[PDB]
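Following: one structure in structure tokens, then a few remarks.
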Amino acid sequence: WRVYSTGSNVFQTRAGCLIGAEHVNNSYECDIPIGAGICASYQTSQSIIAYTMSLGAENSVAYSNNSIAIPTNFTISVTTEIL
Amino acid sequence: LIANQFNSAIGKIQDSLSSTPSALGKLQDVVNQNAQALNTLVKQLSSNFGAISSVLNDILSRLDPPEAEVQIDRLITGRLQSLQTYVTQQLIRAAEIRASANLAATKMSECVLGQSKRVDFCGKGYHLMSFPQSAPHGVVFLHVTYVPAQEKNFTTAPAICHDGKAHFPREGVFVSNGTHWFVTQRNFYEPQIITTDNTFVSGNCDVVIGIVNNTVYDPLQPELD
Amino acid sequence: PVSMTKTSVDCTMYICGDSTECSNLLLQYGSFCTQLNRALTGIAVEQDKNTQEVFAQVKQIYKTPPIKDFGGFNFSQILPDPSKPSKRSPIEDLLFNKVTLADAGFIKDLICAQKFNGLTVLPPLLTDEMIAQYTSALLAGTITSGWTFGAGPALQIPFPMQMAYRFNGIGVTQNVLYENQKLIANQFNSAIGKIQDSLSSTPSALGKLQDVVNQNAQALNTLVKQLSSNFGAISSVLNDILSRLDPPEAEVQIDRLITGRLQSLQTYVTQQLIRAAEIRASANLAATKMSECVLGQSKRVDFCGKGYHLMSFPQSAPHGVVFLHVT
Ligand SMILES: *[C@@H]1O[C@H](CO)[C@@H](O[C@@H]2O[C@H](CO)[C@@H](O)[C@H](O)[C@H]2NC(C)=O)[C@H](O)[C@H]1NC(C)=O
Ligand SMILES: *[C@@H]1O[C@H](CO)[C@@H](O[C@@H]2O[C@H](CO)[C@@H](O)[C@H](O)[C@H]2NC(C)=O)[C@H](O)[C@H]1NC(C)=O
Ligand SMILES: *[C@@H]1O[C@H](CO)[C@@H](O)[C@H](O)[C@H]1NC(C)=O
């Protein structure tokens, strides 16, 4: 086949290079693992996009030497697990 | 309140399993793998392994046995080697399933029949109890856990000096609104007044880093005075 | 150990290297190579699952505050250093220098010869700079939130008060700590320095990692040696047999070569399956240790180091994890 080798959206990764996907600047969670931190998905007007995977939300906790945080209210949670 | 949260949570388990189709994949793949492997074995009957044909009754009805020995030997070698490969792969998968079964037995013994205190062994959060249910070739646990979520901030101190002596919480921690001081258990905000009967005295208050000056109410003195 | 190096084997390049007659004779053996490729890609998936299971324990990335008023303690050897392109602790740099990894396989040795016969090395899913991000996040969460971030939202709490809680978990009254803070701080800092220089001086510490790589390397290496045995034919080079004999009798030689190479390949794959099961068992052990010795305070004896356990700190190593137990 040769209908994809035309390209014009070619993207070189640490695993090789990718043809038929358009490199983005965001960071999402992983859908299909490609490798070296790069994942790909089918989204939006629809196409296949590839990205650096996103490890999670950034967070900062307000530490001090005389500050504590305490909870006031509570929640009961039920989860499933299959073996 | 806890009853309503529990019932709503159970209903959410029910409709969450009823709506999501991809939940039970950990079971299904196992059956699929065995199915796939067994199916492969059947279509190993159709390869000739380099002989005339893969049907044995053809070769018996075409040749005399001085040469049927030569052809049949090649068939025997091929089929026997394929069967050996199938048995070895089934042995490895059996060892894996046995490991998962011992894990399941450990979870049944600890997360159900007692109350475990290992973190994240019986679901996420502090563990309250469990309930088991059956599944085709498997088990499904419902963990019921306790998650605290509404936080607020206070300013503390490791100990209280009252009379040249340090006072420590018998259980809990000292907290301050900004004006007063209270003793609170570590997972639920509830002020109680700092008395003698939830504290104890040890040493003097010239050693501990960051001790703050306050007073400790005595439960005997206004009864006596 | 956590994972081994993902390896992919291509049959038709390995067995019948560029010979149409050889492959046409090979398709009489049915669907072996699909099974072999399926087993290898099963192992290759399982490695990524193992690393994801060990390190992706939380789902938020905390950060340490810049100020270092931790009551006298000094975490300078396990906190990340912004002075390097690889955002690591110096302890992690000692770990990255002590293991002499191999099998580069760069984009264009013995590695090139391994490349030329259908043996490829798939790169891992998680790079070396995201594992560091998880490990630094776990360090940040442990030193600023106690164990509350292991059960819900992060709750800040001063560090010596957390250490008072942790002595109260052992069976020691907490006033022991507050009257002896400086002594504990000095012992902790001296002990951390002893870990650093003891690991720096001893070369033979990390053998549990190294042997794993060596075994896989050795196994892969002996596979290439099996290309040089003739298995009872007149020669071991396939192009010789095609360039000397007519095909109606070269079938006899080529069949013997197919049998020998296929049997050797099968043996290699069975051994790699058993090693995969072993590494998976050790990975589940590592996940249990990360859940219990780090995110909480275990009370099982000698599960979290020798003595009464206080806390732990994880650090990353190439294909593995290293725990520091503080006891
Ligand atoms: C503690 O949490 C519970 C549950 O989140 C709160 O109960 C809710 O109260 C509001 C009042 O406006 C009701 O609308 C909700 O229906 C209640 N929840 C349930 C599940 O019934 C409770 O108010 C919280 N405590 C405080 C002091 O705010
Ligand atoms: C924590 O310990 C580190 C040990 O590395 C201290 O860093 C040293 O600080 C001294 C003081 O000037 C320097 O002479 C050394 O060169 C530093 N070490 C290195 C490897 O560069 C650090 O000061 C300590 N931090 C605290 C807060 O005590
Ligand atoms: C807390 O930190 C502040 C820094 O401004 C310092 O002045 C104070 O002495 C510290 N207190 C304790 C108990 O560490």
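The way I read the labels, and the way they are meant: chains A, B, ... in the order of the structure tokens, residue 1 as the first residue of every chain, and ligand 1 as the first ligand shown, with later ones counted on from there.
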
Chain B residues within 7 Å of chain A, counting only C-alpha atoms: which ones, as a PDB file with N, CA, C and O atoms, in the first residue's frame?
ATOM      1  N   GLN B   5     -26.730   6.823  52.881  1.00  0.00           N
ATOM      2  CA  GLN B   5     -25.529   6.726  52.061  1.00  0.00           C
ATOM      3  C   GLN B   5     -25.257   5.295  51.640  1.00  0.00           C
ATOM      4  O   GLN B   5     -24.882   5.045  50.489  1.00  0.00           O
ATOM      5  N   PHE B   6     -25.481   4.343  52.544  1.00  0.00           N
ATOM      6  CA  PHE B   6     -25.224   2.948  52.221  1.00  0.00           C
ATOM      7  C   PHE B   6     -26.183   2.443  51.154  1.00  0.00           C
ATOM      8  O   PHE B   6     -25.771   1.763  50.206  1.00  0.00           O
ATOM      9  N   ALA B   9     -25.383   3.954  47.823  1.00  0.00           N
ATOM     10  CA  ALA B   9     -24.162   3.373  47.283  1.00  0.00           C
ATOM     11  C   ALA B   9     -24.414   1.994  46.695  1.00  0.00           C
ATOM     12  O   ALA B   9     -23.875   1.660  45.634  1.00  0.00           O
ATOM     13  N   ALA B 104      -7.343 -14.750  46.382  1.00  0.00           N
ATOM     14  CA  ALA B 104      -8.769 -14.645  46.671  1.00  0.00           C
ATOM     15  C   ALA B 104      -9.106 -15.245  48.024  1.00  0.00           C
ATOM     16  O   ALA B 104      -9.935 -14.705  48.762  1.00  0.00           O
ATOM     17  N   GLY B 123     -10.029  -2.502  49.443  1.00  0.00           N
ATOM     18  CA  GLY B 123     -10.626  -1.321  48.864  1.00  0.00           C
ATOM     19  C   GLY B 123      -9.901  -0.075  49.316  1.00  0.00           C
ATOM     20  O   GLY B 123      -8.969  -0.121  50.122  1.00  0.00           O
ATOM     21  N   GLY B 138     -15.489 -17.393  39.374  1.00  0.00           N
ATOM     22  CA  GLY B 138     -14.814 -16.303  40.049  1.00  0.00           C
ATOM     23  C   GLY B 138     -15.635 -15.723  41.173  1.00  0.00           C
ATOM     24  O   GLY B 138     -16.757 -16.148  41.436  1.00  0.00           O
ATOM     25  N   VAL B 139     -15.059 -14.724  41.832  1.00  0.00           N
ATOM     26  CA  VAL B 139     -15.711 -14.104  42.970  1.00  0.00           C
ATOM     27  C   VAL B 139     -15.649 -12.592  42.796  1.00  0.00           C
ATOM     28  O   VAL B 139     -14.779 -12.053  42.108  1.00  0.00           O
ATOM     29  N   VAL B 140     -16.640 -11.912  43.361  1.00  0.00           N
ATOM     30  CA  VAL B 140     -16.766 -10.464  43.284  1.00  0.00           C
ATOM     31  C   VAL B 140     -16.955  -9.942  44.692  1.00  0.00           C
ATOM     32  O   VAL B 140     -17.902 -10.334  45.377  1.00  0.00           O
ATOM     33  N   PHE B 141     -16.073  -9.061  45.122  1.00  0.00           N
ATOM     34  CA  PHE B 141     -16.168  -8.467  46.440  1.00  0.00           C
ATOM     35  C   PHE B 141     -16.758  -7.076  46.346  1.00  0.00           C
ATOM     36  O   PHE B 141     -16.378  -6.292  45.473  1.00  0.00           O
ATOM     37  N   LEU B 142     -17.680  -6.774  47.249  1.00  0.00           N
ATOM     38  CA  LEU B 142     -18.100  -5.411  47.517  1.00  0.00           C
ATOM     39  C   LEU B 142     -17.419  -4.994  48.803  1.00  0.00           C
ATOM     40  O   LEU B 142     -17.698  -5.560  49.861  1.00  0.00           O
ATOM     41  N   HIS B 143     -16.529  -4.020  48.724  1.00  0.00           N
ATOM     42  CA  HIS B 143     -15.936  -3.441  49.915  1.00  0.00           C
ATOM     43  C   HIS B 143     -16.737  -2.223  50.316  1.00  0.00           C
ATOM     44  O   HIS B 143     -17.095  -1.407  49.461  1.00  0.00           O
ATOM     45  N   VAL B 144     -17.014  -2.103  51.607  1.00  0.00           N
ATOM     46  CA  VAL B 144     -17.656  -0.935  52.178  1.00  0.00           C
ATOM     47  C   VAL B 144     -16.628  -0.252  53.049  1.00  0.00           C
ATOM     48  O   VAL B 144     -16.158  -0.843  54.031  1.00  0.00           O
ATOM     49  N   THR B 145     -16.289   0.987  52.691  1.00  0.00           N
ATOM     50  CA  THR B 145     -15.188   1.737  53.268  1.00  0.00           C
ATOM     51  C   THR B 145     -15.659   3.122  53.667  1.00  0.00           C
ATOM     52  O   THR B 145     -16.731   3.579  53.273  1.00  0.00           O
ATOM     53  N   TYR B 146     -14.794   3.816  54.397  1.00  0.00           N
ATOM     54  CA  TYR B 146     -15.085   5.105  55.001  1.00  0.00           C
ATOM     55  C   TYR B 146     -14.074   6.117  54.499  1.00  0.00           C
ATOM     56  O   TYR B 146     -12.878   5.948  54.732  1.00  0.00           O
ATOM     57  N   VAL B 147     -14.535   7.162  53.823  1.00  0.00           N
ATOM     58  CA  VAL B 147     -13.656   8.174  53.254  1.00  0.00           C
ATOM     59  C   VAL B 147     -14.012   9.532  53.840  1.00  0.00           C
ATOM     60  O   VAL B 147     -15.141   9.998  53.675  1.00  0.00           O
ATOM     61  N   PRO B 148     -13.103  10.202  54.505  1.00  0.00           N
ATOM     62  CA  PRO B 148     -13.414  11.529  55.038  1.00  0.00           C
ATOM     63  C   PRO B 148     -13.173  12.621  54.020  1.00  0.00           C
ATOM     64  O   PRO B 148     -12.066  12.712  53.491  1.00  0.00           O
ATOM     65  N   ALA B 149     -14.173  13.447  53.705  1.00  0.00           N
ATOM     66  CA  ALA B 149     -13.899  14.566  52.798  1.00  0.00           C
ATOM     67  C   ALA B 149     -14.826  15.745  53.103  1.00  0.00           C
ATOM     68  O   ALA B 149     -15.885  15.860  52.494  1.00  0.00           O
ATOM     69  N   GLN B 150     -14.399  16.600  54.036  1.00  0.00           N
ATOM     70  CA  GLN B 150     -14.590  18.051  54.097  1.00  0.00           C
ATOM     71  C   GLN B 150     -13.550  18.612  55.045  1.00  0.00           C
ATOM     72  O   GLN B 150     -13.746  18.551  56.260  1.00  0.00           O
ATOM     73  N   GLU B 151     -12.465  19.178  54.544  1.00  0.00           N
ATOM     74  CA  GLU B 151     -11.399  19.576  55.447  1.00  0.00           C
ATOM     75  C   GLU B 151     -11.503  21.043  55.819  1.00  0.00           C
ATOM     76  O   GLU B 151     -12.100  21.852  55.111  1.00  0.00           O
ATOM     77  N   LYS B 152     -10.920  21.370  56.964  1.00  0.00           N
ATOM     78  CA  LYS B 152     -10.687  22.756  57.323  1.00  0.00           C
ATOM     79  C   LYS B 152      -9.450  22.847  58.197  1.00  0.00           C
ATOM     80  O   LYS B 152      -9.005  21.862  58.792  1.00  0.00           O
ATOM     81  N   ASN B 153      -8.895  24.051  58.259  1.00  0.00           N
ATOM     82  CA  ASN B 153      -7.554  24.286  58.764  1.00  0.00           C
ATOM     83  C   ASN B 153      -7.609  24.861  60.164  1.00  0.00           C
ATOM     84  O   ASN B 153      -8.525  25.616  60.492  1.00  0.00           O
ATOM     85  N   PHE B 154      -6.641  24.485  60.990  1.00  0.00           N
ATOM     86  CA  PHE B 154      -6.454  25.091  62.297  1.00  0.00           C
ATOM     87  C   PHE B 154      -4.976  25.239  62.595  1.00  0.00           C
ATOM     88  O   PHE B 154      -4.115  24.745  61.867  1.00  0.00           O
ATOM     89  N   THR B 155      -4.694  25.924  63.692  1.00  0.00           N
ATOM     90  CA  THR B 155      -3.337  26.135  64.157  1.00  0.00           C
ATOM     91  C   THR B 155      -3.134  25.383  65.461  1.00  0.00           C
ATOM     92  O   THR B 155      -3.935  25.510  66.390  1.00  0.00           O
ATOM     93  N   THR B 156      -2.063  24.604  65.532  1.00  0.00           N
ATOM     94  CA  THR B 156      -1.832  23.705  66.650  1.00  0.00           C
ATOM     95  C   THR B 156      -0.577  24.092  67.402  1.00  0.00           C
ATOM     96  O   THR B 156       0.052  25.117  67.147  1.00  0.00           O
ATOM     97  N   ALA B 157      -0.219  23.215  68.329  1.00  0.00           N
ATOM     98  CA  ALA B 157       1.007  23.254  69.099  1.00  0.00           C
ATOM     99  C   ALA B 157       1.184  21.870  69.685  1.00  0.00           C
ATOM    100  O   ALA B 157       0.190  21.210  70.001  1.00  0.00           O
ATOM    101  N   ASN B 187      -9.732  12.229  63.309  1.00  0.00           N
ATOM    102  CA  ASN B 187     -10.401  12.020  62.032  1.00  0.00           C
ATOM    103  C   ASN B 187     -11.794  12.620  61.966  1.00  0.00           C
ATOM    104  O   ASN B 187     -12.514  12.365  60.999  1.00  0.00           O
ATOM    105  N   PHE B 188     -12.187  13.411  62.952  1.00  0.00           N
ATOM    106  CA  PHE B 188     -13.514  14.005  62.976  1.00  0.00           C
ATOM    107  C   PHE B 188     -13.500  15.217  63.886  1.00  0.00           C
ATOM    108  O   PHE B 188     -13.203  15.087  65.074  1.00  0.00           O
ATOM    109  N   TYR B 189     -13.815  16.387  63.356  1.00  0.00           N
ATOM    110  CA  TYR B 189     -13.689  17.611  64.130  1.00  0.00           C
ATOM    111  C   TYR B 189     -14.763  17.693  65.194  1.00  0.00           C
ATOM    112  O   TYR B 189     -15.954  17.726  64.887  1.00  0.00           O
TER     113      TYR B 189
END

With a distance cut-off of 9 Å and only C-alpha atoms, select the neighbouring residues of range 16-21 of chain A, excluding the residue or stretch itself and same-chain residues fewer than 4 positions from it, and output the selection as a count of residues only. 15

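For ligand 2, the neighbouring protein, DNA and RNA residues, which are those within 9 Å when only C-alpha atoms and all ligand atoms are counted, are residues 68, 69, 70, 72, 73, 74, 75, 76, 77, 90, 189 and 193 of chain C.
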
Those residues with N, CA, C and O atoms, as a short mmCIF file (atom, residue, chain, number, x, y, z; two decimals), in the first residue's frame please?
data_model
loop_
_atom_site.label_atom_id
_atom_site.label_comp_id
_atom_site.auth_asym_id
_atom_site.auth_seq_id
_atom_site.Cartn_x
_atom_site.Cartn_y
_atom_site.Cartn_z
N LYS C 68 12.34 24.59 53.75
CA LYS C 68 12.77 23.32 54.30
C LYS C 68 12.79 23.28 55.82
O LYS C 68 13.70 22.71 56.42
N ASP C 69 11.79 23.88 56.46
CA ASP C 69 11.73 23.90 57.92
C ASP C 69 10.97 22.67 58.41
O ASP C 69 9.85 22.73 58.92
N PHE C 70 11.61 21.51 58.29
CA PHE C 70 11.00 20.26 58.70
C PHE C 70 11.37 19.88 60.12
O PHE C 70 11.54 18.70 60.42
N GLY C 72 14.12 20.16 61.81
CA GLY C 72 15.47 19.69 62.04
C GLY C 72 15.88 18.52 61.18
O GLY C 72 17.08 18.26 61.05
N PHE C 73 14.93 17.82 60.57
CA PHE C 73 15.26 16.73 59.67
C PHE C 73 15.83 17.29 58.39
O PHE C 73 15.71 18.48 58.09
N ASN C 74 16.48 16.43 57.62
CA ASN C 74 17.14 16.86 56.39
C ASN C 74 16.93 15.80 55.32
O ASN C 74 17.61 14.78 55.32
N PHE C 75 16.03 16.08 54.39
CA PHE C 75 15.73 15.13 53.33
C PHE C 75 16.46 15.46 52.04
O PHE C 75 15.93 15.21 50.96
N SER C 76 17.67 16.00 52.14
CA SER C 76 18.33 16.53 50.95
C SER C 76 18.82 15.43 50.02
O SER C 76 19.15 15.71 48.87
N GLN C 77 18.87 14.20 50.49
CA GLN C 77 19.39 13.13 49.67
C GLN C 77 18.32 12.33 48.97
O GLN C 77 18.65 11.48 48.14
N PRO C 90 20.23 12.45 44.46
CA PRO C 90 21.56 11.89 44.18
C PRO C 90 21.63 10.39 44.41
O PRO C 90 22.44 9.70 43.78
N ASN C 189 19.87 11.88 60.08
CA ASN C 189 20.74 12.43 59.04
C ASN C 189 22.01 11.61 58.88
O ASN C 189 22.45 11.35 57.75
N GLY C 193 23.20 9.51 55.47
CA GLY C 193 24.55 9.58 54.92
C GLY C 193 25.25 8.24 54.87
O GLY C 193 26.00 7.95 53.93
#

Go ahead and compute the interatomic distance for CA of residue 202 in chain B and CA of residue 166 in chain B, in Å to one decimal. 6.0 Å

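Among the candidates B:78, B:191, B:125, B:222, the one nearest to chain C when counting only C-alpha atoms is B:125.
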
Please, what distance in Å, to one decimal, runs between CA of residue 307 in chain C and CA of residue 326 in chain C? 9.3 Å

Please check the contacts: residues of chain C at most 7 Å away from chain A, using only C-alpha atoms, listed as a PyMOL selection string. chain C and resi 59-63+65+123-127+144+155-158

Do me a favour and pick out the residues of chain C within 7 Å of chain B, using only C-alpha atoms, as a ChimeraX atom specification. /C:28-30,151-153,161,178-179,291-292,296,298

Output C-alpha atoms of each residue in that selection to a file, as a compact mmCIF listing (two decimals), in the first residue's frame.
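File produced: again10.txt:
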# COMPACT_ATOMS: atom_id res chain seq x y z
CA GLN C 28 3.07 -26.53 5.78
CA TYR C 29 3.71 -26.36 9.53
CA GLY C 30 0.55 -24.39 10.12
CA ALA C 151 -7.15 7.14 51.93
CA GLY C 152 -8.63 10.36 50.54
CA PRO C 153 -7.79 14.03 50.14
CA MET C 161 3.71 15.78 65.12
CA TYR C 178 9.26 15.91 71.85
CA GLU C 179 11.90 15.85 74.57
CA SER C 291 0.87 -0.09 49.56
CA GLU C 292 1.67 -1.12 53.11
CA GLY C 296 0.45 3.36 55.90
CA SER C 298 2.46 -1.77 58.95

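For the atom pair formed by atom 4 (C, counted along the ligand's line) of ligand 3 and CA of residue 145 in chain C, the distance is 19.1 Å, given to one decimal.
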
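Backbone DSSP over range 108-216 of chain B gives helix (DSSP H, G or I) for residues 108, 109, 110, 111 and 112 of chain B.
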
I need the chosen residues saved as a PDB file, in the first residue's frame, with N, CA and C atoms.
ATOM      1  N   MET B 108     -10.718 -13.340  51.221  1.00  0.00           N
ATOM      2  CA  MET B 108     -11.931 -13.838  51.861  1.00  0.00           C
ATOM      3  C   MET B 108     -11.724 -14.038  53.350  1.00  0.00           C
ATOM      4  N   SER B 109     -10.548 -14.523  53.738  1.00  0.00           N
ATOM      5  CA  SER B 109     -10.287 -14.750  55.151  1.00  0.00           C
ATOM      6  C   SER B 109     -10.130 -13.443  55.909  1.00  0.00           C
ATOM      7  N   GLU B 110      -9.502 -12.445  55.300  1.00  0.00           N
ATOM      8  CA  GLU B 110      -9.207 -11.239  56.056  1.00  0.00           C
ATOM      9  C   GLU B 110     -10.214 -10.121  55.869  1.00  0.00           C
ATOM     10  N   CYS B 111     -10.563  -9.766  54.639  1.00  0.00           N
ATOM     11  CA  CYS B 111     -11.434  -8.619  54.447  1.00  0.00           C
ATOM     12  C   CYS B 111     -12.884  -8.918  54.792  1.00  0.00           C
ATOM     13  N   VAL B 112     -13.284 -10.183  54.828  1.00  0.00           N
ATOM     14  CA  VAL B 112     -14.662 -10.525  55.170  1.00  0.00           C
ATOM     15  C   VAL B 112     -14.790 -10.941  56.621  1.00  0.00           C
TER      16      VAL B 112
END

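Shortest atom-to-atom contact with ligand 1 among B:122, B:190, B:161, B:197: B:190, counting only C-alpha atoms and all ligand atoms.
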